[PDB]
Amino acid sequence: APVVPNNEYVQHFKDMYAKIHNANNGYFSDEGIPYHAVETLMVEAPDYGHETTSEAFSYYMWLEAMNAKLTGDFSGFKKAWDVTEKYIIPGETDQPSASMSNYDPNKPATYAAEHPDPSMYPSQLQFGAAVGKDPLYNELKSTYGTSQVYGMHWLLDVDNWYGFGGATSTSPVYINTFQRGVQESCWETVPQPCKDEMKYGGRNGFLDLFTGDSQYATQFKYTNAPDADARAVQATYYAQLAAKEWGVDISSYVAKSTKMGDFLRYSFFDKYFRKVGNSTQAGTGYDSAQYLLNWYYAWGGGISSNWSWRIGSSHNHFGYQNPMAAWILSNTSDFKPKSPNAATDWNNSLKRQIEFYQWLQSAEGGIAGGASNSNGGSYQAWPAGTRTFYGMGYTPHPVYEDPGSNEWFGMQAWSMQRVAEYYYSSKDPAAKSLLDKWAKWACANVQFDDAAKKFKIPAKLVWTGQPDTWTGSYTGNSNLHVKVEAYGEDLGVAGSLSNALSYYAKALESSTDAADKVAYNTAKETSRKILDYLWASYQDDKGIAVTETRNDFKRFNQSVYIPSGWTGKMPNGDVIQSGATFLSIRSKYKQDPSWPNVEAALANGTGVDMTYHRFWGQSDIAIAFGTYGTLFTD
Ligand SMILES: [Ca+2]
């Protein structure tokens with residue numbers, strides 16, 4: 001039997017794990033689905049706290065993988081995959097096989113433009129516009145004996161809060177919110193069911209808010225978040241390493257993750273399979289492969305009749321990349337996917353991803369936003385002097401700008417944690433300078449108060465300038481800059497940051513270079529101090545948390561764009577029409593126990609103070625404890 005480390009960091013993990021699994025704390029639904037957070041009143045990527053995301057499912061796998069590592073008990077990890085497959089990977093009634101089977105890989109979808117403001121939607125279908133070929137479909141169909149897609153949809157209404165599942169049900173409902181481009185903030189969306197049978201909304205359900213066509217038929221649509229599915233692979237690898245040491249068989253769960261990783265190759269592709277670089281032209285297969293983890297792939301089709309479509313995404317954010325997942329799927333025996341080309345494709349993505357991070361690394365060391373094969377999301381010409389990466393144009397804030405998608409320091413920790421774990425696992429020398437420079441910038445920006453045993457980390461980032469066009473090696477990007485504009489006690493992110501610094505330090509442990517030894521000490525001590533202070537100062541009943549201020553809750557009254565003459569209804573009867581607000585189409589928010597507090601604060605012009613326990617945040621903190629406790633058995 002394996003010898004499990006006995007130190008305080010292992011015990012901190014176990015105490016956090018116990019809090020997360022304590023029924024008193026309410027992290028989980030009746031089905032065993034992790035909510036976005038314990039609390040209900042919050043508007044972030046999901047716009048209600050008891051929605052959840054595919055991110056939460058993969059964090060749940062990761063948490064359980066670490067517990068299995070430390071205890072030899074894999075029942076929790078199996079449970080996490082079981083609920084994932086049951087409730088967030090669309091099944092037969094969600095993506096009817098008859099529609100999926102009528103897919104045409106030579107005509108994957110119909111082009112529509114993205115627009116710089118929600119008021120420019122619905123976007124007209126252009127049946128004459130170029131769309132390239134899907135080179136994955138036939139291989140996947142031959143491999144798995146079906147045309148259905150095995151990937152997670154990104155957003156779930158866990159207890160049917162919107163009521164799209166009917167008035168007397170709390171079964172989970174697949175939903176979408178964001179649809180209307182770069183300037184549609186979380187406050188400006190219209191929630192819709194993924195399965196639009198036109199029971200709710202207007203004449204055509206919600207369909208003609210987003211898509212312009214002469215007729216509308218009932219249909220489904222699911223949208224993947226590639227970083228969540230990649231994390232599922234990352235978690236399952238960690239579980240399998242432990243399983244081999246404990247002597248436990250979880251091969252069928254390994255098989256689930258490699259299948260998910262197989263379909264995740266759709267995240268490599270331009271939205272309409274346009275050639276990368278010469279994006280006005282239809283691709284003929286892999287010439288439309290960007291080979292990064294894009295912002296989404298999506299798929300849909302008919303309910304009342306049999307037809308289907310698929311798209312990738314032309315947009316790529318450094319924050320979504322995962323070299324650890326790509327290395328797992330391409331360079332380990334256990335996780336080679338069943339499609340003949342999958343391992344090779346993933347090996348190519350691994351290479352491209354590591355270059356992408358380097359290309360985006362600022363002069364200070366923070367990683368800049370990303371790049372797109374489609375300027376304005378409508379393949380507009382790039383301005384002269386646009387800096388590029390394999391033909392894709394630099395974008396300081398990929399995909400969304402309210403707020404800027406690279407304003408939040410969280411993306412730095414989340415994504416660079418993966419590079420660090422990858423570097424530890426593979427010792428790929430191409431990752432070293434990247435990590436050296438990033439770690440120096442991150443550690444230089446942690447503010448410790450040693451007397452209070454508290455700290456702050458960067459909260460909000462400001463970007464200027466642009467990288468040198470990628471020619472094969474890092475330049476230092478002396479004209480690309482990041483400034484930290486605000487710091488905060490962002491504890492979930494601090495957990496991720498500690499995780500990253502721990503793997504980075506551990507990877508450096510074998511160096512005999514004097515400068516590496518100094519970097520080792522700095523990274524390891526910074527990581528440890530973060531964990532010690534989290535433990536000493538920020539514990540409460542439900543986990544580890546601190547008050548935060550939301551000054552934008554004034555946007556509960558944010559106007560929502562609805563086309564003139566368009567009318568509809570939410571399931572609870574809320575009227576959807578011009579003049580509607582975020583709140584007026586979500587009137588159940590006023591039934592929330594914390595609502596009086598919110599409107600009180602707004603009424604006398606105060607910020608709103610909240611204490612949140614987000615599932616990913618508590619998980620990141622727990623896993624950070626377990627990570628330090630297992631890498632440094634001191
Ligand atoms: Ca439920």
# chains A, B, ... in the order shown; residues from 1 in each chain; ligands from 1
>>> closest_atom_pairs(of="chain A", to="ligand 1", cutoff="10 Å", atoms="only C-alpha atoms and all ligand atoms", output="Markdown table")
| residue | atom | partner | partner_atom_place_in_ligand_line | distance |
| --- | --- | --- | --- | --- |
| A:28 | CA | ligand 1 | 1 (Ca) | 9.4 |
| A:29 | CA | ligand 1 | 1 (Ca) | 5.7 |
| A:30 | CA | ligand 1 | 1 (Ca) | 5.8 |
| A:31 | CA | ligand 1 | 1 (Ca) | 6.0 |
| A:32 | CA | ligand 1 | 1 (Ca) | 8.6 |
| A:33 | CA | ligand 1 | 1 (Ca) | 7.8 |
| A:35 | CA | ligand 1 | 1 (Ca) | 9.8 |
| A:50 | CA | ligand 1 | 1 (Ca) | 9.5 |
| A:51 | CA | ligand 1 | 1 (Ca) | 9.8 |
| A:87 | CA | ligand 1 | 1 (Ca) | 9.8 |
| A:156 | CA | ligand 1 | 1 (Ca) | 9.9 |
| A:157 | CA | ligand 1 | 1 (Ca) | 8.1 |
| A:158 | CA | ligand 1 | 1 (Ca) | 4.8 |
| A:159 | CA | ligand 1 | 1 (Ca) | 3.8 |
| A:160 | CA | ligand 1 | 1 (Ca) | 6.8 |
| A:161 | CA | ligand 1 | 1 (Ca) | 9.2 |
| A:169 | CA | ligand 1 | 1 (Ca) | 8.1 |
| A:170 | CA | ligand 1 | 1 (Ca) | 4.7 |
| A:171 | CA | ligand 1 | 1 (Ca) | 4.3 |
| A:172 | CA | ligand 1 | 1 (Ca) | 5.0 |
| A:173 | CA | ligand 1 | 1 (Ca) | 8.5 |
>>> select_by_dssp(residues="stretch 349-539 of chain A", states="strand (DSSP E or B)", output="ChimeraX atom specification")
/A:361,367,370-372,375,380,388-389,392-395,401,404,408,447-449,454-465,480-488,539
>>> write_last_selection(atoms="N, CA and C atoms", output="short mmCIF file (atom, residue, chain, number, x, y, z; two decimals), in the first residue's frame")
data_model
loop_
_atom_site.label_atom_id
_atom_site.label_comp_id
_atom_site.auth_asym_id
_atom_site.auth_seq_id
_atom_site.Cartn_x
_atom_site.Cartn_y
_atom_site.Cartn_z
N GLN A 361 3.15 36.59 -23.67
CA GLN A 361 3.73 37.02 -22.40
C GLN A 361 4.24 38.45 -22.48
N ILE A 367 0.31 37.13 -18.78
CA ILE A 367 -0.03 36.67 -20.13
C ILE A 367 -1.19 37.49 -20.71
N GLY A 370 -5.21 37.04 -26.11
CA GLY A 370 -5.26 35.94 -27.05
C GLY A 370 -5.28 36.37 -28.49
N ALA A 371 -5.95 35.59 -29.33
CA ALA A 371 -5.98 35.89 -30.75
C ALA A 371 -7.19 35.28 -31.43
N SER A 372 -7.54 35.83 -32.59
CA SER A 372 -8.75 35.44 -33.30
C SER A 372 -8.50 35.30 -34.79
N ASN A 375 -11.68 38.87 -37.21
CA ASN A 375 -11.78 40.22 -36.69
C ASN A 375 -13.25 40.67 -36.63
N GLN A 380 -13.57 40.40 -40.63
CA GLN A 380 -13.20 41.70 -41.17
C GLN A 380 -11.69 41.77 -41.40
N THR A 388 0.32 39.14 -35.31
CA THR A 388 -0.36 37.87 -35.53
C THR A 388 0.37 36.64 -34.98
N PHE A 389 -0.39 35.56 -34.86
CA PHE A 389 0.07 34.28 -34.34
C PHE A 389 -0.50 33.21 -35.27
N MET A 392 -3.48 34.49 -36.97
CA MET A 392 -4.58 35.01 -36.14
C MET A 392 -4.19 36.34 -35.52
N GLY A 393 -5.11 37.30 -35.48
CA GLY A 393 -4.79 38.63 -35.00
C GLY A 393 -4.90 38.76 -33.49
N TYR A 394 -3.98 39.51 -32.90
CA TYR A 394 -3.95 39.72 -31.46
C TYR A 394 -5.21 40.44 -30.96
N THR A 395 -5.78 39.94 -29.86
CA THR A 395 -6.94 40.54 -29.22
C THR A 395 -6.68 40.68 -27.73
N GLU A 401 -16.00 42.06 -23.70
CA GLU A 401 -15.35 43.30 -23.31
C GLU A 401 -16.05 44.04 -22.17
N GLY A 404 -13.66 43.58 -19.59
CA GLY A 404 -12.65 43.00 -20.46
C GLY A 404 -12.36 41.58 -20.02
N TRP A 408 -9.50 40.28 -15.34
CA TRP A 408 -9.45 39.49 -14.11
C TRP A 408 -8.17 38.67 -13.98
N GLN A 447 0.64 40.85 -1.95
CA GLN A 447 0.87 41.73 -0.81
C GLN A 447 0.57 40.99 0.50
N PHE A 448 1.60 40.66 1.25
CA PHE A 448 1.40 40.01 2.54
C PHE A 448 1.33 41.01 3.68
N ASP A 449 0.40 40.78 4.60
CA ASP A 449 0.41 41.43 5.91
C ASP A 449 0.73 40.36 6.95
N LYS A 454 -2.75 38.01 6.72
CA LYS A 454 -3.66 38.21 5.60
C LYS A 454 -2.85 38.61 4.37
N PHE A 455 -3.50 38.65 3.21
CA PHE A 455 -2.82 39.03 1.99
C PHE A 455 -3.80 39.56 0.95
N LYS A 456 -3.25 40.23 -0.06
CA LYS A 456 -4.00 40.58 -1.26
C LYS A 456 -3.22 40.11 -2.47
N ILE A 457 -3.93 39.82 -3.55
CA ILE A 457 -3.30 39.44 -4.82
C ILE A 457 -3.91 40.36 -5.89
N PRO A 458 -3.35 40.37 -7.12
CA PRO A 458 -3.97 41.25 -8.11
C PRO A 458 -5.42 40.87 -8.37
N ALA A 459 -6.27 41.87 -8.57
CA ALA A 459 -7.67 41.63 -8.87
C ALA A 459 -7.94 42.05 -10.30
N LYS A 460 -7.51 43.26 -10.63
CA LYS A 460 -7.84 43.81 -11.93
C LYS A 460 -6.59 44.28 -12.70
N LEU A 461 -6.51 43.86 -13.96
CA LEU A 461 -5.36 44.09 -14.82
C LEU A 461 -5.70 45.04 -15.96
N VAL A 462 -4.76 45.91 -16.31
CA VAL A 462 -4.90 46.83 -17.45
C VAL A 462 -3.79 46.56 -18.47
N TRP A 463 -4.19 46.41 -19.73
CA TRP A 463 -3.29 46.03 -20.82
C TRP A 463 -3.09 47.15 -21.81
N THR A 464 -1.85 47.30 -22.27
CA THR A 464 -1.53 48.22 -23.35
C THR A 464 -0.56 47.57 -24.32
N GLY A 465 -0.55 48.08 -25.54
CA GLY A 465 0.44 47.63 -26.49
C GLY A 465 0.11 46.27 -27.09
N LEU A 480 4.49 45.28 -25.04
CA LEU A 480 3.26 44.71 -24.51
C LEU A 480 3.28 44.82 -22.98
N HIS A 481 2.31 45.53 -22.40
CA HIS A 481 2.36 45.82 -20.97
C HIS A 481 1.11 45.46 -20.19
N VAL A 482 1.32 44.97 -18.97
CA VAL A 482 0.23 44.79 -18.02
C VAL A 482 0.55 45.59 -16.74
N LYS A 483 -0.46 46.28 -16.23
CA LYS A 483 -0.37 46.97 -14.94
C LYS A 483 -1.45 46.41 -14.03
N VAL A 484 -1.13 46.22 -12.75
CA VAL A 484 -2.15 45.80 -11.80
C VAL A 484 -2.87 47.06 -11.35
N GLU A 485 -4.16 47.18 -11.64
CA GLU A 485 -4.82 48.42 -11.26
C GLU A 485 -5.47 48.32 -9.88
N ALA A 486 -5.80 47.11 -9.44
CA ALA A 486 -6.36 46.93 -8.11
C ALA A 486 -5.99 45.57 -7.54
N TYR A 487 -5.86 45.51 -6.21
CA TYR A 487 -5.58 44.27 -5.50
C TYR A 487 -6.77 43.87 -4.64
N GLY A 488 -6.86 42.60 -4.26
CA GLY A 488 -7.99 42.16 -3.47
C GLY A 488 -7.72 40.84 -2.80
N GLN A 539 -10.99 31.14 7.50
CA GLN A 539 -11.96 30.06 7.64
C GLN A 539 -13.32 30.55 8.13
#
>>> residues_around(residues="residue A:541", least_positions_apart="3", cutoff="9 Å", atoms="only C-alpha atoms", output="list in words")
residues 19, 25 and 544 of chain A
>>> residues_around(residues="stretch 108-119 of chain A", least_positions_apart="3", cutoff="7 Å", atoms="only C-alpha atoms", output="PyMOL selection string")
chain A and resi 104-105+123-127+129+131+133-134+180-184+272+309-311+376-378+561
>>> residues_around(residues="residue A:296", least_positions_apart="6", cutoff="8 Å", atoms="only C-alpha atoms", output="JSON, numbers by chain")
{"A": [223, 224, 225, 226, 267, 312, 313]}
>>> residues_around(residues="residue A:576", least_positions_apart="4", cutoff="9 Å", atoms="only C-alpha atoms", output="compact mmCIF listing (two decimals) with N, CA, C and O atoms, in the first residue's frame")
# COMPACT_ATOMS: atom_id res chain seq x y z
N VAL A 190 -30.67 37.50 -22.51
CA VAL A 190 -32.00 36.93 -22.31
C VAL A 190 -31.85 35.42 -22.15
O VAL A 190 -31.50 34.75 -23.11
N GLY A 201 -41.03 32.31 -24.27
CA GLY A 201 -40.49 33.36 -25.13
C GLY A 201 -41.60 33.96 -25.97
O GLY A 201 -42.68 34.22 -25.46
N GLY A 202 -41.34 34.17 -27.26
CA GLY A 202 -42.33 34.75 -28.16
C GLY A 202 -42.86 33.74 -29.17
O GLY A 202 -42.80 32.53 -28.92
N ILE A 562 -34.25 44.48 -26.65
CA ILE A 562 -35.22 43.63 -27.31
C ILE A 562 -35.63 44.35 -28.59
O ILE A 562 -35.90 45.55 -28.54
N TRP A 566 -40.94 43.13 -30.79
CA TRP A 566 -40.77 41.77 -30.32
C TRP A 566 -41.36 41.63 -28.92
O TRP A 566 -40.99 42.38 -28.02
N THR A 567 -42.26 40.68 -28.73
CA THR A 567 -42.78 40.42 -27.38
C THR A 567 -42.74 38.94 -27.04
O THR A 567 -42.87 38.08 -27.90
N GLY A 568 -42.57 38.67 -25.75
CA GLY A 568 -42.55 37.31 -25.26
C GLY A 568 -42.69 37.27 -23.76
O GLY A 568 -42.85 38.31 -23.11
N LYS A 569 -42.65 36.06 -23.21
CA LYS A 569 -42.82 35.84 -21.77
C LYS A 569 -41.84 34.82 -21.26
O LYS A 569 -41.58 33.83 -21.94
N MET A 570 -41.32 35.05 -20.06
CA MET A 570 -40.57 34.03 -19.33
C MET A 570 -41.58 33.00 -18.78
O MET A 570 -42.77 33.28 -18.73
N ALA A 580 -37.60 46.30 -21.01
CA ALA A 580 -37.28 45.31 -19.98
C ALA A 580 -35.87 45.49 -19.41
O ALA A 580 -34.98 46.05 -20.06
N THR A 581 -35.67 45.00 -18.19
CA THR A 581 -34.37 45.08 -17.53
C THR A 581 -33.91 43.69 -17.11
O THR A 581 -34.67 42.72 -17.19
N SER A 584 -36.34 42.73 -14.52
CA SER A 584 -37.76 42.60 -14.86
C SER A 584 -38.03 41.29 -15.60
O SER A 584 -39.16 40.83 -15.61
N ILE A 585 -37.01 40.68 -16.19
CA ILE A 585 -37.23 39.36 -16.79
C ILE A 585 -36.70 38.25 -15.88
O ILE A 585 -36.63 37.08 -16.28
>>> closest_residue(among="A:103, A:556, A:582, A:595", to="residue A:306", atoms="only C-alpha atoms")
A:103
>>> select_by_dssp(residues="stretch 34-224 of chain A", states="alpha helix (DSSP H)", output="PDB file with C-alpha atoms, in the first residue's frame")
ATOM      1  CA  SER A  54     -19.349  22.611 -16.715  1.00  0.00           C
ATOM      2  CA  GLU A  55     -16.361  24.230 -14.925  1.00  0.00           C
ATOM      3  CA  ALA A  56     -17.898  23.156 -11.619  1.00  0.00           C
ATOM      4  CA  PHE A  57     -18.331  19.570 -12.784  1.00  0.00           C
ATOM      5  CA  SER A  58     -14.663  19.303 -13.762  1.00  0.00           C
ATOM      6  CA  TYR A  59     -13.559  20.980 -10.511  1.00  0.00           C
ATOM      7  CA  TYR A  60     -15.699  18.376  -8.721  1.00  0.00           C
ATOM      8  CA  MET A  61     -13.773  15.605 -10.561  1.00  0.00           C
ATOM      9  CA  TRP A  62     -10.479  17.263  -9.625  1.00  0.00           C
ATOM     10  CA  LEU A  63     -11.424  17.559  -5.948  1.00  0.00           C
ATOM     11  CA  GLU A  64     -12.439  13.895  -5.877  1.00  0.00           C
ATOM     12  CA  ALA A  65      -9.256  12.869  -7.686  1.00  0.00           C
ATOM     13  CA  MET A  66      -7.171  14.532  -4.964  1.00  0.00           C
ATOM     14  CA  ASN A  67      -9.249  12.857  -2.258  1.00  0.00           C
ATOM     15  CA  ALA A  68      -8.776   9.460  -3.916  1.00  0.00           C
ATOM     16  CA  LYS A  69      -5.033  10.141  -4.052  1.00  0.00           C
ATOM     17  CA  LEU A  70      -4.924  10.848  -0.319  1.00  0.00           C
ATOM     18  CA  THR A  71      -7.360   8.138   0.842  1.00  0.00           C
ATOM     19  CA  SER A  75     -16.085   6.083  -4.950  1.00  0.00           C
ATOM     20  CA  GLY A  76     -16.366   9.898  -4.841  1.00  0.00           C
ATOM     21  CA  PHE A  77     -14.486  10.298  -8.109  1.00  0.00           C
ATOM     22  CA  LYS A  78     -16.731   7.754  -9.825  1.00  0.00           C
ATOM     23  CA  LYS A  79     -19.777   9.576  -8.439  1.00  0.00           C
ATOM     24  CA  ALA A  80     -18.514  12.842  -9.965  1.00  0.00           C
ATOM     25  CA  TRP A  81     -18.172  11.319 -13.439  1.00  0.00           C
ATOM     26  CA  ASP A  82     -21.537   9.567 -13.116  1.00  0.00           C
ATOM     27  CA  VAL A  83     -23.461  12.786 -12.408  1.00  0.00           C
ATOM     28  CA  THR A  84     -21.469  14.563 -15.156  1.00  0.00           C
ATOM     29  CA  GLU A  85     -22.475  12.081 -17.809  1.00  0.00           C
ATOM     30  CA  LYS A  86     -26.067  11.985 -16.551  1.00  0.00           C
ATOM     31  CA  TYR A  87     -26.710  15.739 -16.292  1.00  0.00           C
ATOM     32  CA  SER A  97     -29.716  10.846 -32.788  1.00  0.00           C
ATOM     33  CA  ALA A  98     -31.867  11.239 -35.919  1.00  0.00           C
ATOM     34  CA  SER A  99     -30.881  14.900 -36.175  1.00  0.00           C
ATOM     35  CA  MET A 100     -27.217  14.288 -35.367  1.00  0.00           C
ATOM     36  CA  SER A 101     -27.082  11.471 -37.980  1.00  0.00           C
ATOM     37  CA  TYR A 137     -17.021  14.196 -37.969  1.00  0.00           C
ATOM     38  CA  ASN A 138     -16.480  11.032 -40.045  1.00  0.00           C
ATOM     39  CA  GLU A 139     -13.620   9.829 -37.863  1.00  0.00           C
ATOM     40  CA  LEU A 140     -15.594  10.359 -34.646  1.00  0.00           C
ATOM     41  CA  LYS A 141     -18.690   8.706 -36.108  1.00  0.00           C
ATOM     42  CA  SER A 142     -16.711   5.669 -37.272  1.00  0.00           C
ATOM     43  CA  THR A 143     -14.922   5.490 -33.929  1.00  0.00           C
ATOM     44  CA  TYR A 144     -17.898   5.744 -31.572  1.00  0.00           C
TER      45      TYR A 144
END
>>> residues_around(residues="residue A:537", least_positions_apart="3", cutoff="10 Å", atoms="only C-alpha atoms", output="PyMOL selection string")
chain A and resi 452-455+532-534+540+544-546
>>> atom_distance(atom1="atom CA of residue A:353", atom2="atom CA of residue A:522")
26.6 Å
>>> closest_residue(among="A:189, A:475, A:373, A:358", to="residue A:278", atoms="only C-alpha atoms")
A:373
>>> closest_residue(among="A:341, A:192, A:426, A:236", to="residue A:265", atoms="only C-alpha atoms")
A:341
>>> closest_residue(among="A:356, A:498, A:564, A:334", to="residue A:467", atoms="only C-alpha atoms")
A:356
>>> atom_distance(atom1="atom CA of residue A:196", atom2="atom CA of residue A:178")
15.3 Å
>>> closest_residue(among="A:427, A:203, A:274, A:614", to="residue A:493", atoms="only C-alpha atoms")
A:614
>>> closest_residue(among="A:7, A:339, A:106, A:148", to="residue A:93", atoms="only C-alpha atoms")
A:148
